[PDB]
Structure formats: C-alpha cells, structure tokens
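Residue numbers (the numbering used here), protein chains in the order written: chain A, 36 to 584; chain B, 5 to 409.
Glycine is no exception: its CB is placed at the ideal position from the N, C-alpha and C atoms.
Here's the structure, in structure tokens; my notes come after.
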Ligand SMILES: N#Cc1cc(Cl)cc(Oc2cc(OCc3n[nH]c4ncccc34)ccc2Cl)c1
C-alpha cells in the first residue's frame, strides 16, 4: 500500500538520551527464516530499508506464529525506544457519546488500510527504529533494517498518524462543510443528510481524496452495513443503545462474576433507566479471592431481580437536535442513589445515567441532589456544549431555604419542581435562638489518648446530671456521645451547649445519613425532637458549667 | 526585534494542563479569535510534536458584548517564576496604595508587537476543544508575547518605560504600576483632574499602539471585628461574647476577658439575663477600642505567599481576610453585592485580588467556601479580570463565620 506524499512530524528523543542499543537475542532457524520473508516484502514496499553496521542502534525483533494458523508475525519490542522518545500530544481526549450525535440521512464507515504503514517517519529519526535479524547462531552479522513509516508499538504512531490524517481532510472538509467526518483511530465515520446517491458519490470523492494521499479505504459493498457496532453500542439510523447485555444465570457467584456483572450493569445504565448496583456493589467490599464464591444477600438478589426486569425487552436512545432544549430530570432511587435521564422531547430519552457518590462522611439529600446536578451539568457541557434545564424532586421553597442559610456557596441552573416521590426535604432544623423554658444541657466529653478510655456526660441547669464511660473512643466520639445523651434524656425541647466545634459543624450541616452509627442515632433524636438550640463554647475557659463537666 | 531567551525553572518542564469542557457558545467565540490572531500571525497551529497544554476560556469583561479570550497561564507562570520575578522583576510602589484615586488600564495589547523567544513558544501551546470529542482540538502556539503570562511584562518592561517616560517626567506625583496586562495609575488629584491625566496618558499609549476602572485605595479602612452594643446581656450573648473575644486574642495583642469570663459561673440558663459589672464593661471598652485598631506586630514578608479566605454571611454579604500566617491578618474586609452565590463569590475574588495587587504587588491564594466542581463549571460565567489567582476549595469552620460576622 501507498506511502503518503505528506509532510513529516519532527520526532525527537527525550533530553540527554540517546537511541536504544538492545542486543538481539539469538533466534531459531524458523524464526529467522520467517522474519527474512517478512522483512524483504516490507522493504519491497518501502515500509523498511536496509542499513549498514555503522548505525549504533538496535531494537530487538521476534516472530510468533498464530493460533490455528501457520502464519508468522514480526514483533518489534519498542520499549527502550519508547522509554526514550519525546512525549506527544494526547491523541483523542474523550470519545463522542452516541447521545451527542446529531442524526443524519446516511452514515458510512471507512477504515484506513495499514494506517501506520501508509505514513512517513521523520527521516532524521528512522535511524533509531533500527532492528536486526540475527544470523544462524552467533556467527554472521545480522541483517539490518530501519523504518520509513510508522512502526507499530512506537510512542508517536497513533498521535502522528492522527495528526497527519487530520491535515489530509482539512481540504475535503473545506469543500464539504455539510459533511461530518468522525476521525476515530484508523476509522472514518462519514455522515450526510444527502440523497443516498450523491452520498455514495461524496464518499468516493473522499476515497479519491484519500488515495491521492496514500489512504486506501474500502469501496462500496466492501464497507460496513449499519447497525454499526461501535464502542459497546449499536448504531442504527434513528437510535442507538448499548450492545447486547447478557446477565449470567448462575448457581454461585465469585468475586470476578459479580465484578463483570456490576460492569455490564453500569454500562447498561447509560440508557436503561434505574439500573441499581449498590447491593451488588457491596458484596465487593473487603474482597477476598477473585474466584472466591460470594453468597448474594437478600438485598443483592432483589437488586439483580429488578435489574433483570429492566433489561427484559429493550431500550434505545435517540440522537441530538441542537434546535431544541435539553431537559434533565433526576430521581432519588434509594439508599444514597440517584438516577436521571436526559431527553429533548417528553420521554424520548437521549440518555440515562445514575449517581451514587458518598461525597463526605455525613451529607444529606439536598446536598446529594446538587452533587448530582453538577455531575449531570458537566456531562452535558461535554456532550452538547450546553447545560440542561432541570426538573427536580424538590420544592423551590425547600431549596432556597437551605441554600440560603448554608455556609458553602451553592448554585443550580434553571430548574422546576417535579412531584416525583420521594421528594427531597430537610429532616430537621436548628433553632436560631435559645429555646426558653427548655432544659439546658451543658454537655461534655473527653478521651484519654493513652488508655483510649473516655467519659461522656452532661450537667443541666436543673441540677440533673450524668456521666458515662466509653471503652475505646476518642474525643470526637466522646463529644458526639455526650450530645446523644443530652438528647436522649430530654424530650421535645432541649438546649445543648458543646465545646466541640466538630459535633457542632456536623449537626449544623443538617446531616440525614452518615457513615457513623452514633451520628446516625443523633439524627433520630433531632428528627423526633420538636425544638433544638445548640451552642458552642471554649473549653478550659471558665465558661458556664464547662469547668463543671 | 531580537528576542529575549526564557529558561524554564531548572529540572522541570512545560505545563501539560488538561482543558475544561467549554460550551458551544464559547468554542465558536474562541475559534473566531484564533483564526484572526492566526492571520495576524500571533499564533500558529502546532503539531503532535508538542506535548504541552494550557487552558483557554472565553470571558466578557465588565461592560462589553465582545468575547475576550482568556488563557490560564497559572502553571506556566509557576514554571517560569525565576525569569519573571527574580530575574526580570518589576518593583512595586508602596505609594500607590496611598493615592486618592487609582485607575486601571488594560495594556495587554502591547504584547503582540513583541516576538516570543522561538525556543520558548512550544510552552504556550493551548487547545480549542470540540463538542462531544467530535473532532481534534485546534492546537496552537505563541509567536508573540502572550497575555496572561507573567513573563510578558517582565520583558516588555524596558519598552514600557519609554512609552511612559515623558508622562512620568511631566507628572512627578502620579504612580504607574504594571501588573500582568494592566496598568495601575494613581494620583491624589481632583477626580476630573485625575480622569483627565488618564485620558492624557491613554493618548500617549496610543502612539505606541496600546489602547477606565476606578478605585480609591486610601479609603480602604478596616473591617474591625465587631463586638455588639446592647442593653440586656443574656448568658448566651456572653458565651458568645467571650468566644469572639477569646478567639480575637492569639491574633489581637493585649486582648482581655478574665472579668468577662468571670460573669459566667455555674450551669445557668442561657435565656436568663444578667446585669453587668462595670470593669468587664472595660474589656468591652479596652478591647472594642483595640478591635478597631490594626494588629500590632503583623508585617508583610515579600518572601511569603498571601492567603485570602472568604466566608459567606448571608444576604449578599461575604467576609474576607488576607494574611500570610493564619490569624495574623494583613487585611480584613467585607464585600457585599441578578446575583447568585457563585456570581458574588466570583466578584469578591476579583475585588480582593485587585486590592492585593495594589497593596502588595502579588495575588493571594484563595481559600474558597464552594465545591471545586461547582466552582469549576461556573466561575467563567462571571470572570472578568485578565488574571486568574490560585484557589483551593474549603469548608468554613462554624466559628470562623461569626467570629468574623
Ligand atoms: N460505526 C460508526 C460510527 C461511529 C460514530 Cl461515532 C459516528 C458515526 O456516525 C454517525 C452516527 C450519527 O447518528 C446516528 C445515525 N444518523 N444516520 C444514520 N444512519 C444509519 C445508522 C445510524 C445513523 C450521526 C452522525 C454520524 Cl457520522 C458512526
């Protein structure tokens, strides 16, 4: 195949480094013979060139057969060269989402033939791509070659090749603004809203443009027929979707089985609504073997269960219409899990997705929702270069309240309430000012750093009192422990005074779920209660009964 | 013109920074700019042979419909700090902060006359994203001095000194400080007189190419930590009063509360009033009297990063403190405001920076009470300065908020 009449990219080794010089390991008679067959051809094509013994450099070569087959293939261990090559620009920095594709009349797939081989290697650099076919044993000086094109396994091949390929289309692009070219690896996705024939036409005018450049594509009939089975998806004309998901019916599950499982699941969730993975995902905690069998839990089998139902039948996603707004709707799925779906027209989803994140130790639904919103938002900028309008399971009055009082700066773009339960709410709120005719627990807690032993009690302004000894805690723990007590012994209207900013901080944030059990109980209290004020003071300072507790 | 050679701070090389997803509106906006600059020959497409990257945003700039392109040279600036600061440094006028009026002028355009060191250009590479990775980013690099790169003024210095010479000669009591792309111009003149000297100055600039914003530094009076005044002092209010006071020691020298704290003895209801002793009424005094007057002992160390920390109060109110060493505040203040949390936080950030440049000649490291991700998606919607300070995201401690409220 042709070798591109196109400009070369100036490759350079990393600084204070010279080309590789790896001794060639003695090869068998067959291995050498083969390599010799292969090489000559390659050089016959000009993909390679014979060199002298003056050239200091070397990279090792090898030749492996083929399973089933009696065809040899030359391997060129390019490590040291790579370890020594400059670093290049990152090839493609993400990969288009089917959901982001604007629908076209006709889309054709064209795969370049011998991509790397069809393109020039900076003359000044070939010197390093030097390799040596050993002779029959020690004796005899090996045969020497070097590349004229982009070797496979070398650092800049993918980059340079793409660079090139980008430049080769720029022209055809210019005279073809209404034609979309999707450059992916050594593929070419060509879409147009043309009338079949002129499409078949434009494609060839392309193939020609490509051939005039060294680029051998395939003719009609020789080219793929949609559904296009790209990157895990199915690419029909007016829809797309993940590629065929088969969940394994099986007696017993091992670490590897579940992992593979969670994977197809997560993948499947781009477009299948409400696919859950928490229960399953949990079995994976503290993981033992890879083959170690894991007895699904009741919750896990139900997750699996529900998930089977989801996939039984099939969902497809539609394409993008830049002439319409993006609507994104989120819902609370459960135990810290969320799910959303983007659609441009009521219920004809572009894509779906899920959000779980435990951002923090203790957080709440109002925070999680916004964590989701931000997450969703980015996704959109990336996929569409625009943010959606949100439909959220939360009251505007609830939002504004929280946002308002909350310490952190916060912000959601355009949204609207939507009565899709559960609705997001604040589960309790703290008094702005000191409840009157309400007890006054001056709570306290401390732990001995050495004995890891700790006490935790309070002293009310009504003579009531209490202490407690905790086994292996910390101040942190003792301090939450104190406030729990004070809440526990006090009925619908406490006033609590702590010297712990920690607990303060925690509760002030209105948690409604927490990595901690103690913090979890402290929650039950707060909710059940009726009015709660809570203040902080400096300890070691003759503050109230602080000197007391 | 012969180009001045720029050496990357030894043992380390080019910035290889990731590029944010930009919005379709910003990408087109941006693409136009670059096609233009390209033709004018300030930037040229670059090849895969360049592994470097610098981010690029699109902004607007106070009172303007036209998009401006902003380049985030923060990393490069770090890597080039010897050159631009301890090699080609610009001195900062103490006087500037004492001037009755300081006007800010964009001078950024100046740079494109100048050629960037040919060996350097690769460092200035930047990409122009594509929606849904549809295509490869437009990769470019600099031929001339870039705007946003701290090395630019360092070079252009000499050249700007000539441009300014006569205006300086003729207006001996006007301060001209340049920071990045901006020019700081201060005078204790009458407003219109000041305004005029500026227009006059603008003209001078005009002959050399270079084509405002109004501050009054000297009236940047403190934000004294405020102890309340009141008749009827509850326990609660005192537990509060010591807290603030107590915390204003270990920052404020000669603070006192021994008598105040006295007031508080036994498990007393917070909702209960307690008459005051008129010696504790002194620490209210003595401290309140201190609280207003600046920290004794806190000086600025030119060899020490500045930190600006900001708190959300409520109702468009935000508080901030600049200090080099925690609790040792070089300056506090408050900033109060179609404005959302981010819009405001953004505006404060720029305000604090401007003062910061004006006072110390350097920008503080911001500690932001926001989520990185949120801060990252939005900040560019309200950003207007041609510079970008550094930031870290943080969770304000309950106390810090009121201790400063
Ligand atoms: N194989 C493959 C493949 C990979 C990618 Cl990333 C893009 C692609 O093409 C499109 C796919 C598009 O949306 C779907 C579509 N429009 N018209 C069609 N005709 C037949 C099958 C699918 C589509 C729109 C434009 C395009 Cl270019 C094809």
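Interface residues of the stretch 371-392 of chain B facing chain A [CB-CB below 9 Å]: 372, 373, 374, 375, 377, 378, 379, 380, 381 and 382
In the DSSP assignment, find the unbroken alpha helix (DSSP H) run with residue 69 of chain A in it and report its ends. 64-80
Which class does residue 339 of chain A belong to by DSSP, given the choice of helix, strand or coil? helix
For residue 450 of chain A, write down the residues that DSSP places opposite it in a beta bridge. A:425
Which of helix, strand or coil does DSSP assign to residue 397 of chain A? strand
For residue 458 of chain A versus residue 430 of chain A, is the C-beta distance shorter than 8 Å? yes
Return the residue from the list B:359, B:366, B:395 and B:305 that minimises the CA-CA distance to residue 420 of chain B. In this structure chain B extends from 5 to 409, so residue 420 of chain B is not present and cannot be described.
Counterpart residues of residue 363 of chain A in DSSP-defined beta bridges: A:377 and A:425
Does DSSP put residue 335 of chain B in a helix, in a strand, or in coil? strand
With distance defined between alpha-carbon atoms, name the residue in A:205, A:560 and A:130 nearest to residue 138 of chain B. A:130
Buried or exposed for residue 244 of chain B, please, with buried defined as at least 16 other CB atoms from any protein chain shown within 10 angstroms of its CB. buried
Through-space distance from residue 448 of chain A to residue 308 of chain A, alpha-carbon basis: 24 Å
Where residue 134 of chain A falls: helix, strand or coil (DSSP): helix
By the DSSP assignment, the beta strand (DSSP E) with residue 154 of chain B in it spans what residues? No beta strand (DSSP E) holds residue 154 of chain B; DSSP gives it neither H nor E.
What residue does the alpha helix (DSSP H) around residue 383 of chain B start on, and which one ends it? Unbroken run through residue 383 of chain B: none, as it is neither H nor E.
Please confirm whether any heavy atom of ligand 1 lies closer than 7 Å to the CB of residue 270 of chain A. yes
Buried or exposed: residue 271 of chain A, going by 16 or more other Cβ atoms within 10 Å of its Cβ? exposed
What does the Cβ neighbour count give for residue 142 of chain A, buried or exposed, with the cut at 16 atoms within 10 Å? buried
To which residues does DSSP link residue 304 of chain B through a beta bridge? According to DSSP, residue 304 of chain B bridges with nothing at all.
Mapping DSSP to helix, strand and coil, what is residue 377 of chain B? helix
What residues of chain A sit near residue 35 of chain B, judged by a beta carbon separation below 9 Å? The contacting residues do not exist; residue 35 of chain B stays about 12 Å from chain A at best.
Measure how close the beta-carbons of residue 380 of chain B and residue 24 of chain B come, nearest whole angstrom, since I'm counting them as under 8 Å. 7 Å
Using the beta-carbon of each residue, which ones in chain A are nearer than 8 Å to residue 52 of chain B? 44, 123, 124, 191, 194, 195, 197 and 198
Quick one: give me the first and last residue of the alpha helix (DSSP H) that residue 86 of chain B is part of. 78-90
So which residues of chain B does residue 132 of chain A contact, with C-beta pairs closer than 7 Å? 136
With distances taken Cα to Cα, identify the nearest neighbour of residue 110 of chain A among A:75, A:313, A:90 and A:186. A:186
I'd like to confirm the pairing. Which residues does DSSP put opposite residue 142 of chain B in its beta bridges? B:132
Quick check: what's the CA-CA separation for residue 95 of chain A versus residue 59 of chain A? 5 Å
Please confirm if residue 291 of chain A has its CB atom under 8 Å from at least one CB of chain B. no
What did DSSP end up calling residue 224 of chain B once you bin it into helix, strand or coil? coil
Bridge partners for residue 155 of chain A per DSSP, in chain order? A:184
Residues near residue 249 of chain A in its chain [Cβ-Cβ closer than 6 Å; skip 5 each side]: 37, 38, 39 and 153
Looking at the structure shown, is residue 39 of chain A part of a helix, part of a strand, or coil, going by DSSP? coil
Interface residues of chain B facing residue 445 of chain A [CB-CB closer than 7 Å]: 345
Strictly under 8 Å for the Cβ-Cβ distance: is residue 572 of chain A near chain B by that measure? yes
So for residue 416 of chain A, helix, strand or coil by DSSP? helix
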